[PDB]
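Visitor: Opening with a subset of the complex:
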Amino acid sequence: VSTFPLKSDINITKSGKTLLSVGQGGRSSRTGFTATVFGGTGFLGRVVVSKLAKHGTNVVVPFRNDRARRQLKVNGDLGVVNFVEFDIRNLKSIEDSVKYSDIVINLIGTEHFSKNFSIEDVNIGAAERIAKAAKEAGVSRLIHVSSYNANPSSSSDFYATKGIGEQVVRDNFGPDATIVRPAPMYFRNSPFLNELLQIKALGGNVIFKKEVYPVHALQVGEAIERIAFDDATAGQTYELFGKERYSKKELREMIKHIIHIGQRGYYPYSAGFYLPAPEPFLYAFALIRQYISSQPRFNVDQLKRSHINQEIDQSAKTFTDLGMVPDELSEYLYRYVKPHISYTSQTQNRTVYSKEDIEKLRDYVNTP
Amino acid sequence: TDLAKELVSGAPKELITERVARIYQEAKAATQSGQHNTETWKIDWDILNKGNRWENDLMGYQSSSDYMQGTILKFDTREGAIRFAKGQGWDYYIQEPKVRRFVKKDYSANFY
């Protein structure tokens, strides 16, 4: 964020346009850039739209949910945030979103498949169509967000389609496409933290054994702001991850002590905080809810991913190439699990967990 | 006089370390023969080198970030203006008003 995001007030795009910024960098200021944020109504999308629009950059937000786009307009001044009703199966709608854009950020991706879209259609088909449409519109910069374990030869549908998505985007848009591989992101209402905060987490012995390198979502959106406005980042791949490795079981137990579920010894077991189930049963339950439940549940592919840990591609670039220091989960863990605390309510004394308190709590969890 | 009244005024520190005020007496307009506006001393601030004015692209409005751009203080004497500027700890400079030299003017001079 800061007070002025650009490193200079004059920027020349890859397509030759000269863009001049006006103002000190506030709501009424402008940067001269127009950006399209595909999937701007999602979790990461709202962070990206907020950062771009708060400094005056024009943001075009294609959308399919009419109620979800309303809160995005508050980020920018009048005329800054624009909306286009779009569908990845409508070519004309996508071409209208990128017609006036200098930067296109593709945040569209899914871990589930539904009655209308498969994993291939969103992770590969949508990315290819957006990338090819951006090039025909003469967009200077394209930013695609893949997954952390993107590998075209992976046995998981999510990781494989993300790996193919990286290659199909570079073929269509060209060598000037920047690819971002973010780790699981922690933030308010973060999907990575929502699963850990769920009291009745079925099959926690099979799912919560995955080890990851969680990264702050605010930094991921900040990194995208750096990448979009820096042409030196074109054609590169960025792996965004934290320094400290964590297992979901450690996070699950650390959260359990922060929420003070253990104030009553019987309660965590009675309330269902532990639901040990065989993996074949979890596979059957995940398979059934893939065709009965109308809401995306824990599906078959996510069961496979519980056995796959996050491996970091060493050749790719990191926060150091962008001049940033990754945030530590221990610093921000308390403020993002604070809403789920049982009672608190300043009864006697709030137990504020600092950076050192969280690290000590990690030792207690692993202490038998 | 010596009291640093800016410590209690509540104004931001940028008024002292980044802005320059001008103490001046308004010059007589060349299009009018009135001199009423020249009888008072006024204080205004120099424009910001950047962000003083920029064009809003939606409607062509004159956007600005200078919060002192429309503030002009009025004083009855030069000494009062200096005393107030010193009291607030402002970086200022005085523009001395130009005085008109007196020359005798009579109708007889049209022929002599």
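Guide: Yes, it's here. Residues are numbered from 1 along each chain as shown, chains lettered A, B, ... in the order given.
Visitor: Near chain B, which residues of chain A are found?
Guide: Contact residues, chain A versus chain B (C-beta under 8 Å from any C-beta of the partner chain): A:22, A:23, A:24, A:26, A:28, A:29, A:30, A:77, A:78, A:79. Any C-beta I mention is one placed from the backbone N, CA and C, and that applies to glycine too.
Visitor: Export those residues as JSON lines, with columns for neighbour count.
Guide: Below are those laid out as JSON lines (neighbours: other C-beta atoms under 10 Å in any protein chain shown):
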{"residue": "A:22", "neighbour count": "20"}
{"residue": "A:23", "neighbour count": "21"}
{"residue": "A:24", "neighbour count": "16"}
{"residue": "A:26", "neighbour count": "15"}
{"residue": "A:28", "neighbour count": "19"}
{"residue": "A:29", "neighbour count": "22"}
{"residue": "A:30", "neighbour count": "23"}
{"residue": "A:77", "neighbour count": "18"}
{"residue": "A:78", "neighbour count": "11"}
{"residue": "A:79", "neighbour count": "11"}
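Visitor: For the residues you listed, give me TSV that also has secondary structure and distance to residue A:214.
Guide: Output for the residues of chain A next to chain B, formatted as TSV (DSSP: H, G, I helix; E, B strand; the rest coil; distance: C-beta to C-beta, whole Å):
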residue	secondary structure	distance to residue A:214
A:22	strand	38
A:23	coil	36
A:24	coil	35
A:26	coil	32
A:28	coil	36
A:29	coil	33
A:30	strand	35
A:77	coil	34
A:78	coil	37
A:79	coil	37
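Visitor: Out of those, which is nearest to residue A:203?
Guide: residue A:77 (47.5 Å; C-beta to C-beta).
Visitor: Out of the residues of chain A next to chain B, flag the one nearest to residue B:6.
Guide: Using C-beta to C-beta, the residues of chain A next to chain B come closest to residue B:6 at residue A:24, 23.3 Å.
Visitor: Include this sequence as chain C:
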Amino acid sequence: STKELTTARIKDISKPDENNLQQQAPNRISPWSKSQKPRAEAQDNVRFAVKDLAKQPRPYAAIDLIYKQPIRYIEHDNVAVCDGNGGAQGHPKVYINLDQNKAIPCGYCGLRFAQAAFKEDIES
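Guide: If we add chain C to the chains shown above, we get the following:
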């Protein structure tokens, strides 16, 4: 040709098309002021991407309408008096000198007045 759509001219070198949405006005192609932004350039904005240009407000150009009014010729008088042809609902009443051998417009309405003795000279 985008040169007649973005440059101020006294007259349009072609016939305006009422159905053309790139014209400055439905009855006029070119803009009528040097500082008037061309309509074609204005509509080339991100805010017109998914907007129908036909329903946008396109009032008729007043400069073309005022010159369709015939010149008022005054008989046996070198001074013309105009107040907007409405009286209390018009404009302040002004007096126009007609000594010169040309039509002189009103300062408010733009209606042009001249003497009848100069009618032959003005029309040719």
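Visitor: quick one: the strands in chain C?
Guide: C:72-74, C:79-82, C:94-97, C:104-105, C:112-115 (DSSP state E).
Visitor: Output these as a markdown table; include the columns mean neighbour count and distance to chain B.
Guide: Formatted as a markdown table, the strands of chain C follow (neighbours: other C-beta atoms under 10 Å in any protein chain shown; distance: least, C-beta to the nearest C-beta, whole Å):
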| stretch | mean neighbour count | distance to chain B |
| --- | --- | --- |
| strand C:72-74 | 16 | 36 |
| strand C:79-82 | 16 | 29 |
| strand C:94-97 | 13 | 24 |
| strand C:104-105 | 16 | 27 |
| strand C:112-115 | 21 | 32 |
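Visitor: Tell me which of those lies nearest to residue A:243.
Guide: Comparing those by their distance to residue A:243 (C-beta to C-beta), the top pick is strand C:104-105, with 78.2 Å.
Visitor: For that closest one, name the packing helices and strands.
Guide: strand C:112-115 (3 or more C-beta pairs under 8 Å, 6 or more residues apart in numbering or on different chains; DSSP states H and E).
Visitor: who does the strand it packs on pair up with?
Guide: strand C:72-74 (parallel), strand C:104-105 (antiparallel) (DSSP bridges).
Visitor: contacts for it?
Guide: Residues outside strand C:112-115 that contact it (C-beta atoms under 8 Å, 6 or more residues apart in numbering or on different chains): C:69, C:71-74, C:77-78, C:80, C:82, C:96, C:98, C:102-106, C:122.
Visitor: so residue A:326 touches residue A:241, yeah?
Guide: Yes. Between residue A:326 and residue A:241 there is a contact under C-beta atoms under 8 Å: 7.1 Å.
Visitor: do you know how far the closest residue to chain B within chain C is from chain A?
Guide: Nearest residue of chain C to chain B: residue C:47, at 8.3 Å (C-beta to the nearest C-beta). Counting by C-beta to the nearest C-beta, to the nearest Å, the separation of residue C:47 from chain A is 6 Å.
Visitor: following sequence is chain D, add it:
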Amino acid sequence: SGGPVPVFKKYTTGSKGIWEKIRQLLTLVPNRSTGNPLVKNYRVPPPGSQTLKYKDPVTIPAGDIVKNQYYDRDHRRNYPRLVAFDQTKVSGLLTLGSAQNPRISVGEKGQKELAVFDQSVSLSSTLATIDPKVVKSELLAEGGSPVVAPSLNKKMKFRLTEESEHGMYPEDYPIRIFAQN
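Guide: Okay, here's chain D dropped in alongside the others:
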């Protein structure tokens, strides 16, 4: 006096025939109006369809073409001047008197006394050494009586009235009605 008025004298829509007789029987106060404006009388000529020909009203002394010099009616530029009385001028008025009742010597002997009050002269010192009859006649009033704060309106009197006059709540309610008197 605003006594009770029959219902048909009020500009509201009423009842007719048998329905008027029924209303009188059932209503506790039959002379009250329903509050619905008469469709045939209320706002029947709308303000946009009035036939009146309006003319700007002008008074003769201040809006005529003759005997109408502006400075004769220029009250804005003839505003009262702001005069402040300090203890020096009050001492001068007390010692030398006023122009209405002069008590200052004549000629050059009088201008010496005037020049005394051109610099600071305390009123306490002036009151300390002065004839007491002056204070009882100039500073005080009615031979030493204190100066009461002057009223903003000398015609602001009141008189207590009874219900038969003002028509408001009777004497058992805890309010009273005061007239102009």
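Visitor: Enumerate every residue touching the residue lying closest to residue C:65 once chain neighbours are set aside.
Guide: Using C-beta to C-beta, 6 or more residues apart in numbering or on different chains and skipping the chain neighbours, the partner closest in space to residue C:65 is residue C:27 (7.4 Å). Shown in contact with residue C:27 (C-beta under 8 Å, 6+ apart): C:16, C:18, C:60, C:61, C:64, C:65.
Visitor: let's see it at 7 Å
Guide: C:16, C:60, C:61, C:64 (C-beta atoms under 7 Å, 6 or more residues apart in numbering or on different chains).
Visitor: Test my guess that the last one contacts residue C:28.
Guide: Yes. In terms of C-beta atoms under 7 Å, residue C:64 counts as a neighbour of residue C:28; the distance is 5.0 Å.
Visitor: who's more crowded, the two?
Guide: Shown here are residue C:64 and residue C:28; by other C-beta atoms under 10 Å in any protein chain shown, residue C:28 has more neighbours (19 against 16).
Visitor: Could you report the neighbour count for the residue nearest to the more buried one when sequence neighbours are not counted?
Guide: In space, residue C:28 comes closest to residue C:61 once its chain neighbours are excluded; the distance is 3.8 Å by C-beta to C-beta, 6+ apart. Residue C:61 has 20 neighbours, counted by other C-beta under 10 Å.
Visitor: How about residue A:330, nearest residue that isn't a chain neighbour?
Guide: residue A:358 (3.8 Å).
Visitor: so which strand or helix has that neighbour?
Guide: Taking DSSP states H and E as the criterion, residue A:358 maps to helix A:355-366.
Visitor: same for that helix, what does it pack against?
Guide: Where contact means 3 or more C-beta pairs under 7 Å, 6 or more residues apart in numbering or on different chains; DSSP states H and E, helix A:355-366 is packed against helix A:248-258, helix A:329-337.
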